[PDB]
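Q: In the first instance, please consider these chains from the complex; the rest will follow:
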Amino acid sequence: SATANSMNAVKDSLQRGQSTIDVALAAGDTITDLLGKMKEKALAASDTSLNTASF
């Protein structure tokens, strides 16, 4: 019975872990969107026909 009761701390630690990865995944989605926009910007600036102001 002592073991069966002590399992509750294990379940709480596992839930805390899932919460941690959830926050990390939110930040990762935002980072991926910014990374795609950055790639688009560098790709647009690769053009040599651009005038200096647009660059």
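A: Yep, it's here. Numbering: from 1, shown residues only, chains lettered A, B, ... in the order given.
Q: For residue A:22, see how far away the residue nearest in space to the middle of chain A is.
A: In chain A, the residue lying closest to the centroid (Cα atoms, centre = their mean) is residue A:28, at 0.8 Å. Between residue A:28 and residue A:22 the computed distance is 11 Å (Cβ to Cβ, to the nearest Å). C-beta coordinates here come from the backbone N, C-alpha and C atoms, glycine included.
Q: before we move on, what about residue A:14?
A: Distance from residue A:14 to residue A:22, by Cβ to Cβ: 13 Å.
Q: repeat for residue A:45
A: To residue A:22, residue A:45 is 36 Å away according to Cβ to Cβ.
Q: quick one on the thing from earlier: secondary structure element for the residue nearest to the centre of chain A, which one?
A: helix A:2-45 (DSSP states H and E).
Q: May I have the secondary structure class of residue A:47?
A: Judged by DSSP: H, G, I helix; E, B strand; the rest coil, the three-state class of residue A:47 is coil.
Q: add chain B to the structure above, sequence below:
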Amino acid sequence: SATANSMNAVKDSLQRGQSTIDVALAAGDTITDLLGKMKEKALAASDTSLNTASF
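A: Alright, chain B goes in next:
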């Protein structure tokens, strides 16, 4: 007859021993419950995702 009357002291001493063991058993049950809670706390403190306040 003197022996048969003397046996009463034996019966009284044996009941005293039963009462002593009973008090010890009550204290032991309280100790076992406290030990189970202490194992839960050490187990939950084993986690390293905890911030220092929860620790």
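Q: got the angle between the helix holding residue A:28 and helix B:2-45?
A: Following axes from the mean of the first three to the mean of the last three Cα atoms, to 10 degrees, one obtains 0 degrees for the angle between helix A:2-45 and helix B:2-45.
Q: for helix A:2-45, packing partners?
A: Helices and strands touching helix A:2-45, as assessed by 3 or more Cβ pairs under 8 Å, 6 or more residues apart in numbering or on different chains; DSSP states H and E, comprise helix B:2-45.
Q: Where does chain A get nearest to chain B, which residue?
A: Residue of chain A nearest chain B, by Cβ to the nearest Cβ: residue A:9 (4.0 Å).
Q: Could you check how far that residue is from residue B:55?
A: In terms of Cβ to Cβ, residue A:9 sits 13 Å off from residue B:55.
Q: Settle it for me: which of those two has more neighbours?
A: residue A:9 (18 against 9; other Cβ atoms under 10 Å in any protein chain shown).
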